[PDB]
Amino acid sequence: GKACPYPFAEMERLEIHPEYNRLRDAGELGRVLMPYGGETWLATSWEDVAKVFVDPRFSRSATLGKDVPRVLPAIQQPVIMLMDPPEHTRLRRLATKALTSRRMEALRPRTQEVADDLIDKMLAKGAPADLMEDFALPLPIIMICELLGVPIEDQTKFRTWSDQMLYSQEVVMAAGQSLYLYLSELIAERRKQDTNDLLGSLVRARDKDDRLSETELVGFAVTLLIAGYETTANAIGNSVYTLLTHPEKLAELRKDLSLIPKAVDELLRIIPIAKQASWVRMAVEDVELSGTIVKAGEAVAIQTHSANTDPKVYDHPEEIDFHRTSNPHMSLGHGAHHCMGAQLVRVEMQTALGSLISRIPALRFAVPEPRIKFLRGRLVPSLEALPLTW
């Protein structure tokens, strides 16, 4: 047992274990033992982490139903993000035609209404309130629903199931099938009314004579929903808790808002998007990675935080600066698996702070900052409550 047990981290708050920044600033490649599957390499530098996303000598296809190192015991499922060419660069090519940077910016108007909408009842109801449930937690579902085309009537019955996928199996997989068949149904309707919708234009999207089949269509559909619900809530709620930890940095925004774009990529990079590392990638060829030489069939996991705070790429890398002349962060990913939610995450977080920071200037923690509790759950860090007062 050269390799330390990965059960080493803790998601107490938005803290990261020091190993990541010792390994980066010394041992190119570090080795740790995952509780399930074997042991695995741990890339931590900007250099290596960038590579693990982009190097075709790193298959993620070759993880479908394999005994690979991991943190969960569930063995993952043919998804856009466990594919590789030519299947991935075909699926994603067809989808990106419907899920354009245009369509997602055109959502900004609606997204305004919805933030305004939420602080409105949130203000109306009286302080103290709790932003996770009260405003950040729904904003992104209401925005995902609008994107796909989920009609107003079915909207509150969508949240029914979409939140039944967290607490049993005879209700989550009920909620599974209940949402598969609901979406497959809804797509059928967009083929009838060939809309200016996203489900509308995924059908109508064709590369030469290629098209998405019922199970690629529904499969892609459902994947947005899971990608964009729980991680846009947590992008927001945390980013606030952080912004509120640096009042220095609020006033700079509050009494200036031309920086909302630049401050979001900033607030992303600085904040860990997960409590553990990533979904271990598999070397299909021998590739020297950050000094050490990953043998083919050997596994490696990317930590983004350490990449995003690499003193080799970021000057003053642990201070928050909204004036950074350039921000090549990894929080939203790199290469041909660039987050396709990207444009929407930016227009959501911008206008969500864009609003809150103005519409509630004197918005402050209700309870001592130390006393705010985080979920002892898993995957990415979540806020039990974000109790605020005004």
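So that there is no doubt, residue numbering starts at 1 and follows the sequence shown.
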- Query: Just how many deposited residues go unmodelled from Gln76 to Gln77: none, 1 to 3, 4 to 9, or 10 or more?
  - Reply: 1 to 3
- Message: Can you count the deposited residues that have no coordinates between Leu166 and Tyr167 and report it as none, 1 to 3, 4 to 9, or 10 or more?
- Response: 4 to 9
- Message: Please compare 283-291 with 233-241 and say which has the higher mean C-alpha temperature factor in the record.
- Response: 283-291
- Item | 261-269 set against 127-135, stretch whose average Cα temperature factor tops the other in the entry | 127-135
- Item | Residue with highest C-alpha B-factor in the PDB entry, from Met34, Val49, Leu356, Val347 | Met34
- Name the residue from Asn308, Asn196, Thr100, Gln303 with the greatest C-alpha temperature factor listed in the entry. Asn196
- Here the Cα B-factor of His88, set against its chain, lands in the third termed lowest
- Message: Sorting by Cα B-factor within the chain, modelled residues only, which third would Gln177 end up in: lowest, middle or highest?
- Response: highest
- Item | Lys373 - Cα temperature factor, lowest/middle/highest third of chain | lowest
- Just say lowest, middle or highest third for the CA B-factor of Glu146 relative to the other modelled residues in its chain. middle
- Query: Lowest, middle or highest third: where is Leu23 by C-alpha B factor in its chain?
  - Reply: lowest
